[PDB]
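Structure data follow from run01.txt (compact mmCIF, C-alpha atoms):
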# COMPACT_ATOMS: atom_id res chain seq x y z
CA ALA A 1 24.65 119.34 -1.28
CA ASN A 2 24.79 117.45 -4.59
CA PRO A 3 22.09 119.28 -6.58
CA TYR A 4 21.53 116.17 -8.77
CA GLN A 5 21.01 113.69 -5.94
CA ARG A 6 17.56 112.08 -5.92
CA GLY A 7 15.75 109.53 -3.82
CA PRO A 8 16.42 107.72 -0.56
CA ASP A 9 19.73 106.48 0.75
CA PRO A 10 20.12 103.23 -1.23
CA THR A 11 20.15 99.59 -0.17
CA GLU A 12 20.47 96.24 -1.92
CA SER A 13 16.73 95.71 -1.49
CA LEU A 14 15.83 99.07 -3.05
CA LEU A 15 17.93 98.19 -6.10
CA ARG A 16 16.50 94.69 -6.51
CA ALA A 17 12.81 95.64 -6.27
CA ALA A 18 10.69 95.64 -9.42
CA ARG A 19 10.31 99.44 -9.19
CA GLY A 20 12.31 102.20 -7.59
CA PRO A 21 10.73 104.96 -5.52
CA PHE A 22 9.14 107.12 -8.29
CA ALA A 23 5.83 106.57 -10.03
CA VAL A 24 6.36 106.45 -13.79
CA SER A 25 4.51 108.14 -16.64
CA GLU A 26 4.93 107.20 -20.31
CA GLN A 27 4.61 108.84 -23.72
CA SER A 28 4.61 107.16 -27.14
CA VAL A 29 6.75 108.69 -29.90
CA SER A 30 5.31 107.77 -33.30
CA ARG A 31 7.63 106.91 -36.16
CA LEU A 32 5.56 109.45 -38.14
CA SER A 33 6.66 112.29 -35.79
CA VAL A 34 10.49 112.11 -35.81
CA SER A 35 13.46 111.77 -38.11
CA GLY A 36 16.85 110.29 -37.27
CA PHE A 37 15.38 107.31 -35.36
CA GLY A 38 12.26 105.19 -35.54
CA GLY A 39 10.31 106.70 -32.68
CA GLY A 40 9.94 104.77 -29.45
CA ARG A 41 8.67 105.31 -25.93
CA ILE A 42 9.57 107.80 -23.19
CA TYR A 43 9.34 106.84 -19.51
CA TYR A 44 9.74 109.48 -16.82
CA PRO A 45 9.08 110.08 -13.10
CA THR A 46 5.67 111.69 -12.77
CA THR A 47 6.80 114.03 -10.03
CA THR A 48 8.62 117.29 -10.77
CA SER A 49 8.89 118.44 -7.17
CA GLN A 50 12.33 116.88 -6.60
CA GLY A 51 13.95 118.56 -9.63
CA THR A 52 14.88 117.61 -13.16
CA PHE A 53 16.41 114.22 -13.99
CA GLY A 54 19.17 112.93 -16.21
CA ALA A 55 18.18 110.92 -19.26
CA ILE A 56 19.23 107.74 -21.06
CA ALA A 57 18.54 106.57 -24.62
CA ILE A 58 18.41 102.80 -25.08
CA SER A 59 18.66 100.78 -28.33
CA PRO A 60 17.55 97.20 -29.00
CA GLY A 61 19.62 94.82 -31.12
CA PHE A 62 19.64 93.46 -34.68
CA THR A 63 16.21 92.12 -35.76
CA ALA A 64 14.61 93.45 -32.56
CA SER A 65 12.05 96.00 -31.46
CA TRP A 66 12.06 98.12 -28.32
CA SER A 67 9.65 95.58 -26.79
CA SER A 68 12.65 93.22 -26.44
CA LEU A 69 13.97 95.56 -23.68
CA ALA A 70 10.77 97.28 -22.57
CA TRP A 71 10.95 96.16 -18.93
CA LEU A 72 13.92 98.54 -18.57
CA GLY A 73 11.74 101.57 -19.30
CA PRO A 74 9.63 101.64 -16.15
CA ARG A 75 12.29 99.96 -14.03
CA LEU A 76 15.05 102.49 -14.74
CA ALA A 77 12.73 105.50 -14.89
CA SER A 78 11.28 104.63 -11.47
CA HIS A 79 14.71 105.25 -9.93
CA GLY A 80 14.65 108.85 -11.16
CA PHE A 81 15.63 108.98 -14.83
CA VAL A 82 13.99 109.90 -18.10
CA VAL A 83 14.32 106.91 -20.46
CA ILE A 84 13.81 107.05 -24.23
CA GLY A 85 13.72 103.53 -25.63
CA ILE A 86 14.05 103.63 -29.39
CA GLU A 87 12.87 101.74 -32.38
CA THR A 88 15.53 101.87 -35.08
CA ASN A 89 14.98 103.09 -38.64
CA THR A 90 15.04 99.42 -39.70
CA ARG A 91 15.52 96.26 -37.68
CA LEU A 92 18.73 95.55 -39.61
CA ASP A 93 20.60 98.78 -38.86
CA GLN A 94 24.28 98.28 -37.97
CA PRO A 95 26.02 99.43 -34.77
CA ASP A 96 27.35 102.72 -36.16
CA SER A 97 23.86 103.66 -37.35
CA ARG A 98 22.33 102.71 -34.00
CA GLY A 99 24.83 105.07 -32.31
CA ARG A 100 23.71 108.00 -34.51
CA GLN A 101 20.06 107.11 -33.73
CA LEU A 102 20.69 107.08 -29.96
CA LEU A 103 22.13 110.58 -30.23
CA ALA A 104 19.21 111.70 -32.41
CA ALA A 105 16.84 110.40 -29.73
CA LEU A 106 18.65 112.33 -26.98
CA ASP A 107 18.58 115.47 -29.14
CA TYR A 108 14.85 115.05 -29.75
CA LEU A 109 14.20 114.44 -26.05
CA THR A 110 16.02 117.59 -24.92
CA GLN A 111 15.30 119.93 -27.84
CA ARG A 112 11.77 119.17 -29.00
CA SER A 113 9.95 116.53 -26.96
CA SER A 114 7.06 117.52 -24.75
CA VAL A 115 8.97 116.32 -21.65
CA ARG A 116 12.12 118.34 -22.41
CA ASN A 117 11.58 120.59 -19.38
CA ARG A 118 11.83 117.56 -17.07
CA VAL A 119 15.28 116.58 -18.42
CA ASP A 120 18.64 118.02 -17.42
CA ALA A 121 20.22 118.28 -20.88
CA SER A 122 23.72 118.34 -19.34
CA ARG A 123 23.34 114.82 -17.84
CA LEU A 124 22.73 112.31 -20.61
CA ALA A 125 23.56 108.68 -21.20
CA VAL A 126 23.30 105.77 -23.62
CA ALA A 127 22.71 102.03 -23.39
CA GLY A 128 21.68 99.19 -25.62
CA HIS A 129 21.68 95.45 -26.31
CA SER A 130 23.79 93.57 -28.86
CA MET A 131 24.24 95.77 -31.95
CA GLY A 132 22.54 98.41 -29.79
CA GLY A 133 25.37 97.92 -27.32
CA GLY A 134 27.81 98.38 -30.18
CA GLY A 135 25.89 101.55 -30.98
CA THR A 136 26.19 102.67 -27.34
CA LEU A 137 29.97 102.67 -27.81
CA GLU A 138 29.64 104.53 -31.12
CA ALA A 139 27.50 107.21 -29.47
CA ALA A 140 30.00 107.64 -26.63
CA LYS A 141 32.82 107.87 -29.18
CA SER A 142 30.96 110.67 -30.98
CA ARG A 143 29.70 112.61 -27.91
CA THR A 144 32.34 112.68 -25.18
CA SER A 145 30.09 114.78 -22.93
CA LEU A 146 27.82 111.80 -22.25
CA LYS A 147 27.89 111.06 -18.52
CA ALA A 148 27.35 107.28 -18.67
CA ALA A 149 27.36 104.46 -21.22
CA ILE A 150 26.09 100.90 -20.65
CA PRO A 151 26.69 98.46 -23.53
CA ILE A 152 24.73 95.27 -22.78
CA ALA A 153 26.00 92.07 -24.44
CA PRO A 154 27.47 94.44 -27.05
CA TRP A 155 28.27 93.36 -30.59
CA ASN A 156 30.59 95.41 -32.80
CA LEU A 157 33.27 94.63 -35.40
CA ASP A 158 35.02 97.83 -34.22
CA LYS A 159 37.01 96.54 -31.26
CA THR A 160 38.80 99.67 -29.99
CA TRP A 161 37.33 102.75 -28.33
CA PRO A 162 40.16 105.16 -27.42
CA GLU A 163 38.03 108.29 -27.97
CA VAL A 164 35.52 107.32 -25.26
CA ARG A 165 35.81 109.53 -22.17
CA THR A 166 32.43 108.58 -20.67
CA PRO A 167 32.21 106.26 -17.61
CA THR A 168 31.33 102.95 -19.23
CA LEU A 169 29.87 99.76 -17.71
CA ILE A 170 29.89 96.75 -20.06
CA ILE A 171 27.54 93.93 -19.01
CA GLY A 172 28.42 90.63 -20.65
CA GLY A 173 26.99 87.13 -20.62
CA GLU A 174 29.58 84.50 -19.76
CA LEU A 175 28.14 81.95 -22.22
CA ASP A 176 27.11 84.39 -24.97
CA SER A 177 27.59 82.67 -28.34
CA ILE A 178 26.32 85.57 -30.48
CA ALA A 179 28.56 88.36 -29.13
CA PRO A 180 31.09 86.20 -27.26
CA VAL A 181 32.70 88.15 -24.43
CA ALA A 182 36.19 87.03 -25.47
CA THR A 183 35.82 88.73 -28.86
CA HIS A 184 33.38 91.60 -28.15
CA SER A 185 32.80 92.76 -24.53
CA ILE A 186 36.27 92.10 -23.12
CA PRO A 187 38.28 93.58 -26.03
CA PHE A 188 35.99 96.63 -25.90
CA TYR A 189 36.60 96.96 -22.16
CA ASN A 190 40.37 96.71 -22.46
CA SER A 191 40.35 99.28 -25.27
CA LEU A 192 38.64 101.99 -23.16
CA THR A 193 41.99 103.55 -22.32
CA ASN A 194 40.60 107.08 -21.87
CA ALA A 195 37.26 106.38 -20.19
CA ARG A 196 37.21 108.33 -16.93
CA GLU A 197 36.05 105.17 -15.12
CA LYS A 198 34.90 101.78 -16.41
CA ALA A 199 33.70 98.39 -15.26
CA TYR A 200 32.95 94.98 -16.73
CA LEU A 201 30.17 92.89 -15.17
CA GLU A 202 30.01 89.30 -16.43
CA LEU A 203 26.84 87.35 -15.64
CA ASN A 204 27.54 83.73 -14.73
CA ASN A 205 26.22 81.13 -17.21
CA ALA A 206 24.24 83.82 -19.09
CA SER A 207 23.36 83.70 -22.79
CA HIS A 208 23.12 86.60 -25.25
CA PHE A 209 19.44 87.03 -24.33
CA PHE A 210 19.75 87.75 -20.62
CA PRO A 211 18.50 91.36 -21.01
CA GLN A 212 15.21 90.26 -22.61
CA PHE A 213 13.94 89.26 -19.14
CA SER A 214 13.87 91.24 -15.90
CA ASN A 215 17.22 90.55 -14.26
CA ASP A 216 17.75 91.98 -10.77
CA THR A 217 21.55 91.82 -10.75
CA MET A 218 21.78 93.46 -14.17
CA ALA A 219 19.37 96.18 -13.05
CA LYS A 220 21.20 96.72 -9.75
CA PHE A 221 24.48 97.50 -11.48
CA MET A 222 22.90 99.54 -14.32
CA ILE A 223 21.01 101.67 -11.77
CA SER A 224 24.08 102.06 -9.58
CA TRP A 225 26.27 103.11 -12.51
CA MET A 226 23.62 105.53 -13.75
CA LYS A 227 23.22 107.06 -10.28
CA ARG A 228 26.95 107.33 -9.69
CA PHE A 229 27.80 108.92 -13.02
CA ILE A 230 24.66 110.61 -14.42
CA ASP A 231 23.79 112.08 -11.01
CA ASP A 232 27.28 112.19 -9.43
CA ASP A 233 25.54 110.25 -6.64
CA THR A 234 28.43 108.95 -4.56
CA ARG A 235 25.99 107.08 -2.29
CA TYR A 236 25.82 104.45 -5.04
CA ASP A 237 29.61 103.85 -5.00
CA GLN A 238 29.03 101.46 -2.15
CA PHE A 239 27.78 98.93 -4.74
CA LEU A 240 30.67 99.47 -7.21
CA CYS A 241 33.83 99.96 -5.06
CA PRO A 242 35.20 97.68 -3.76
CA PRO A 243 34.03 95.51 -6.65
CA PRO A 244 31.57 92.68 -5.92
CA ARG A 245 33.04 89.22 -5.54
CA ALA A 246 32.84 86.92 -8.56
CA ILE A 247 30.50 84.38 -6.96
CA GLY A 248 26.93 83.28 -7.55
CA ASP A 249 25.47 85.09 -10.52
CA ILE A 250 28.67 87.10 -11.21
CA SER A 251 31.38 85.17 -13.05
CA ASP A 252 33.72 88.17 -13.39
CA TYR A 253 33.93 91.82 -12.43
CA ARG A 254 36.62 94.27 -13.53
CA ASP A 255 36.89 97.77 -12.13
CA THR A 256 38.77 101.05 -11.95
CA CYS A 257 38.14 101.79 -8.27
CA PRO A 258 38.44 104.32 -6.75
CA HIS A 259 35.94 106.47 -8.66

Just give me the structure of the file as structure tokens.
Amino acid sequence: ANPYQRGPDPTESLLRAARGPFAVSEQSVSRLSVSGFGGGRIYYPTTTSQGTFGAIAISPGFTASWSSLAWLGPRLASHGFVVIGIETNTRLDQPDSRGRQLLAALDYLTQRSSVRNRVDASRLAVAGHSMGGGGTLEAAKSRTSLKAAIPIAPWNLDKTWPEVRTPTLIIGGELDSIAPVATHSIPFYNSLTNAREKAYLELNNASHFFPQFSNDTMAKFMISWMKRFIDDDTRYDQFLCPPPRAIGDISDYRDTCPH
């Protein structure tokens, strides 16, 4: 009935496994072949028989390459998404620049890439770590049609985001000393006054570098948010509303239930 719904009815175990239910193919994008971003890597479900998929562009942080987040490529794509993980023009690009590059990567993916026919160009998203998370907010500010945004330990000197309409999940690290949640993540979250829905997931005792390593709780909530909002997949609301308790590996969760 939902034409965008993909995959089996979800469970906690499905979300926490190393791969979701789709085999993943990959394609390199050489820096020599594109303008507006530094190339990167595309990850996509091999099968086309279940329909097209929504897509997400993901940016690393300051000083970093895509390899710093590469585990997300196959993990997210295997749940039924096309992922373009970017290299930035330079490692020292600022958040606003990273936001423009995320949008350039989505435009390339849908307009010119050799996998464009697999992507539903109406169902796009952004995510990123650190300055790349700051750039995720910039991209959502610039392109209000984005269906989901996931800033991960975001860093940005711009603290307010009133233009953002996109459903936004901010994932913070409680003990982050580089983009402290009290001065980055949480102010961003409170400033999202016009986001259709939003949530803040704070990982207990986590440092700025939590997303550099496979993290099942992080992945669970990223996948659930992507499903719920890129795919309109209400089956994944069970993991978001009511909000999870702040216990164990979650030190805080803020929500806008009901979605």

Using only C-alpha atoms, which residue out of A:211, A:244, A:21, A:40 lies closest to residue 68 of chain A?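 Nearest to residue 68 of chain A: A:211.
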
How many Å separate atom CA of residue 181 of chain A from atom CA of residue 76 of chain A?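 Atom CA of residue 76 of chain A lies 24.7 Å from atom CA of residue 181 of chain A.
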
In terms of the shortest atom-to-atom distance over only C-alpha atoms, which of A:39, A:151, A:172, A:258 is closest to residue 66 of chain A?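 Going through A:39, A:151, A:172, A:258 one by one, the smallest distance to residue 66 of chain A is for A:39.
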
A:121, A:148, A:219, A:257: which is nearest residue 15 of chain A, counting only C-alpha atoms?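 Result for the nearest residue to residue 15 of chain A: A:219.
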
Close residues, residue 194 of chain A itself excluded, 9 Å, only C-alpha atoms, min 6 positions apart in chain, as a ChimeraX atom specification: /A:161-166

Closest of A:174, A:249, A:216, A:255 to residue 189 of chain A - atom-to-atom distances counting all atoms listed in the file: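 Under the stated criterion, the closest residue is A:255.
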
Around (17.9, 107.5, -15.6), as given in the file, which residues come within 10 Å? Count all atoms listed in the file and list them as a PyMOL selection string. chain A and resi 43-45+53-57+73+75-84+119+123-126+148+222-223+225-227+230-231

Name the residues within 12 Å of (26.4, 106.8, -6.1), counting all atoms listed in the file in the file's coordinates, and put them as a PyMOL selection string. chain A and resi 2+4-11+220-241+259

12 Å contact set for residue 86 of chain A, all atoms listed in the file, chain neighbours under 2 positions out, as a PyMOL selection string: chain A and resi 28-31+34-43+56-61+64-70+72-73+83-84+88-91+98-106+108-109+126-129+132
